[PDB]
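Notes follow the structure.
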Amino acid sequence: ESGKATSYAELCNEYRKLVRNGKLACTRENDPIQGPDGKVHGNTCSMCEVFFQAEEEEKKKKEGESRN
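Count the sequence shown with PDB author numbering and you get residues 1 to 68, in order.
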């Protein structure tokens, strides 16, 4: 337990520039870590991809009907 609690939305933030329409992806960093799901991932982005994915559902709602 070192540093501040920090927050994914703020930590993975640096990966928001990679996430296009809810899909995050970056180089192949060589540093496996863990995520909030107590699960390990390939790189730091992979850990941010799962969090970014969950945010894709909130966008499920459309501002209007595609038929307009």
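Ideal Cβ positions, reconstructed from N, Cα and C, are used throughout, including at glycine.
Tell me whether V40 sits in a helix, a strand or coil according to DSSP, three-state version.
strand
Quick one, are the C-beta atoms of residue 73 and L24 less than 8 Å apart?
An answer regarding residue 73 cannot be provided, because it is not within the stretch 1 to 68 covered by the chain.
C-alpha distance - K4 paired with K60, whole-angstrom precision
32 Å
Quick one: is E49 buried, meaning 16 or more other Cβ sit within 10 Å of its Cβ, or exposed?
buried
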